[PDB]
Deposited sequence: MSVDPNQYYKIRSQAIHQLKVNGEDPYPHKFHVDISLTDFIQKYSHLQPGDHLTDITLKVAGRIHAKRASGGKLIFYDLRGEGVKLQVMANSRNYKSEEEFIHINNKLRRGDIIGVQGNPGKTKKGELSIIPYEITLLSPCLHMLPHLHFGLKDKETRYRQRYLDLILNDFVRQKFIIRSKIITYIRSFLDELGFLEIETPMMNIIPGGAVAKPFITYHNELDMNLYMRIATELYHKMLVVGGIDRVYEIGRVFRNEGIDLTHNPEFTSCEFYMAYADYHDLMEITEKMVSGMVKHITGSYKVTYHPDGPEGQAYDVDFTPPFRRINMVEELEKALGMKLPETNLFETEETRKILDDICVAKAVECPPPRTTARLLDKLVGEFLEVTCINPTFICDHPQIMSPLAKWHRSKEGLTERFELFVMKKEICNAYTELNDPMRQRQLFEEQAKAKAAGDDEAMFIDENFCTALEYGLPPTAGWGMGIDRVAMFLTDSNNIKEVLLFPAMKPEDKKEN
């Protein structure tokens, strides 16, 4: 029946074209927005009809209801709001035109309306048309009712038309990005753009996208992060930089992951991870308060059907040291942090993982065992925003060695609702040590699997001209958007998410 509807309406509109009545007109002049109309004329009393005021508005019809002889009501929606069109032949240009145009229109059609402000006896604010013009027809039957998520994500326009909360979600996302921009700009950061196509991918650990460049006759990688370019620009004498942009990591698609996602990375000269911790506190708390109205926000991890938790963004955020509180959570003392790269301590952690029933699929290496243990005993501890700090060097090849702690680095991750929204550390500015670490993990790549980073010689060369003491920071924009929109699925905060049929 909806198929039959599509055929019939298509035929009808096509014949409107043949008959030269122009179902798709070029220009309609809108005098006032639906929002402005609503708030301007909301003061009207029921029964009011202003004949002195004539306005032109436009929108999409979500409903058509007829008293059926001379009277037809249209529910006209747009801008996330609604306005009633009360059409009676008495107030129309003429009865004949009334009949014609009403026989032409259907639910879902985009129409312009020229008429007068008024209010019905029922007290509903309405516009009483002098003339209605079809701006563009809807050839498909709209759902009565669009609950199925796959259908929502595959056709986003339907979701935006039918579901009002979607608009608010993406508005919130935009507000987040713009807020971050305002923050960093006001802090004296320069907004920059760095190559999204690299010869050597770097800045993070991920499986890259590969593409071919025609004129240069070579393969290039899509960026997994903006880190190295930014640091090279800090070398260039630009002290504070930031980029909010798309990052490509070719990996599994799930609730927290999308192959392409938006990240914000900034780099600040003469700063360390402490300073960036404070800045992160102020930025995140200020963002949440500005957008949501307060420091506390309600979030449903399992969805509306499940339990809701209160996330408190009130600063300062709680800080935990990875190794220490891992020891305290395990009820076991771990090895000294300077011993973390020996096979021995790795074996110890193997025993601890099998003793605590923490699963670590092959390869079982110290880094991944640590990741699983921290994930199990620590990451789950974070509901409110929480700093996990002082990661071991083995987990942080790009991070500067911890000043007071041997074997560790100066680094922190920000966790909200058990998920990681932020990664930051004091940047390693020593070219020799950096190239050394790079070469260790390159030696791992030669040791027979591809996870480990590739060596960037240009970046180390840049480090040889020297890098001022610098701290650096990055944030998943999509996940933050998820938490501020109360979404447990990343596809909710992405306009046209990647889909697997």
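Of the deposited sequence, the ranges 1-3, 149-151, 508-513 have no C-alpha coordinates according to the record.
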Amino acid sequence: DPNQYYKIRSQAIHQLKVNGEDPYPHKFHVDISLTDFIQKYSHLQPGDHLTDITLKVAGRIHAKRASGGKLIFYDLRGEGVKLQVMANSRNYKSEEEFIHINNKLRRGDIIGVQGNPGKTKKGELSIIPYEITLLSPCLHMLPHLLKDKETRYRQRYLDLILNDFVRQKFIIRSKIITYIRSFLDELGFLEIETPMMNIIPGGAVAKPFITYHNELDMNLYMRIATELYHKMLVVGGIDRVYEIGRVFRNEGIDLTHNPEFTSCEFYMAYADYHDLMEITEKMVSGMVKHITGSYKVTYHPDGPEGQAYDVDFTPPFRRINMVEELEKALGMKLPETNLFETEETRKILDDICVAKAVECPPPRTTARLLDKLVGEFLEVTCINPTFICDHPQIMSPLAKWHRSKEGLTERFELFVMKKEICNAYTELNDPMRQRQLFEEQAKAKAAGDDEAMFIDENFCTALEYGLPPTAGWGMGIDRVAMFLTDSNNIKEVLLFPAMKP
From here on, numbers count along this sequence of modelled residues.
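In this entry, 423-431 shows the higher mean Cα temperature factor of the pair 186-194 and 423-431. When the mean C-alpha temperature factors of 264-272 and 337-345 are read from the deposited coordinates, 337-345 comes out higher. Highest C-alpha temperature factor among 30, 471, 34, 447, as the PDB entry reports it: 447. The PDB entry assigns the greatest CA B-factor among 58, 55, 475, 455 to 455. Per-chain ranking of the deposited C-alpha B factor places residue 26 in the lowest third. For residue 319, the recorded CA B-factor ranks within the lowest third of the chain. Only modelled residues enter the ranking. Ranked by Cα temperature factor within the chain, residue 106 sits in the middle third according to the deposited record. Looking at the C-alpha B-factors along this chain, the one for residue 298 belongs to the middle third. For residue 392, the recorded CA temperature factor ranks within the middle third of the chain's modelled residues.
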